[PDB]
């Protein structure tokens, strides 16, 4: 048909329904949420991306880029059927590395494990990003990107010093502090809104040689212990936690919470640094043996796979997820959170679920050294980044009634807070919110500026998806 002909006329490779490449490319990470693009352009160059955007304009189509395909909402498809999908995941190279500056230029289809492998093995370098090796660089970096080096070195987005971008009108432009700084600001936290990033330009650091993985089995057997433990962790996070300590509270055992973390330094330095928290934890915790690691080893250690260099998708999952970013969990919020934890969550046994309470902000958190005004990322004044995840087996249907489980847990916290105290993180995209509400919680104090920038760069909503920022002149 018309779109296939258009793409082929411009030399853009297209997927053919029924072939291996098509089946691979069209499969969402979240199989709860498949969409059917009108066509898939499997791009190899910037020029391909550009030509694909031209065809979209010619045929009046919406266009969506898919990088690693990890959108919890399948937004890489456009979050609905019938978009032109620009499939980026064969564009995987570290294009160049400058050893005077430590800056790398990277293609937009490189996955985190692959990015980390190439930068380590070829250049001895590292970037602070997420833990999942199959996550795409573009979705991740465009909206933040949090992991076990973030307390020490900041968000994935904070490594970004420039981009090459294909705009809605087909132009290719550079953005950085010194050129299209307004576009640059939007790309850094809300990047899916403003074009298709074709090259990431990224500051790196020397790959650390000395790292310690640590863990604490909390043994919170009841509401009271959990309430006291979460209070104690917030205290340590807000006022004490050194830069070198990166951690979260996680429960993957419906009642077996643990601290997991990464410390920049030796096991003995970790213990001394963490002791103030261990001293205030409810009694009964058990400190796990530490593991000594270098950089590449730490990448493998938190990956949940037997390798990290992914150039293909990871196995798919079938799930629903939600998020919160909070100034503080103290007060009725934690009370309500723990009530639900014990009276509802721990009795949910028909599928796997977890929460993670990530130490995102706090006095010594590198994430907080950037303010909300400085990039699109709006969560700089939030101490907690919280993930809620609800997963069924791939041979089951996610039940229509199951949504109320995560909805109720999140409501347990939000009902206790003024709206100004909390947001939501679009890297944990939750499609069950209308366009206005979603963008309000995803972008906080930066939404109004983002709406203007949207009117400037994508006034026809060419890159539309249901939780894109609205263009408002």
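Positions refer to the first chain, counted from 1.
Between 388-396 and 133-141 (mean CA B-factor, as deposited), the higher: For C-alpha atoms only, the mean B-factor is higher in 388-396.
Stretch with the higher entry mean CA B-factor, where the candidates are 413-421 and 435-443: For C-alpha atoms only, the mean B-factor is higher in 413-421.
Identity of residue with top Cα B-factor, from 401, 192, 128, 71: So the option with the highest C-alpha B-factor is 401.
Highest-ranked of 359, 155, 84, 370 once sorted by CA temperature factor in the record: When the deposited C-alpha B-factors of 359, 155, 84, 370 are compared, 370 is largest.
Among modelled residues of the same chain, the CA temperature factor third for residue 54: Middle third.
Where the record places residue 214 (Cα B-factor, split into thirds across the chain): Middle third.
Ranked C-alpha temperature factor of residue 256 among modelled chain residues, by third: Residue 256: CA B-factor falls in the middle third of its chain.
Entry-reported Cα temperature factor of residue 294, expressed as the chain third it lands in: It belongs to the highest third of the chain when residues are ordered by C-alpha B-factor.
Third of the chain's Cα B-factor distribution that residue 108 belongs to, per the entry: It belongs to the lowest third of the chain when residues are ordered by C-alpha B-factor.
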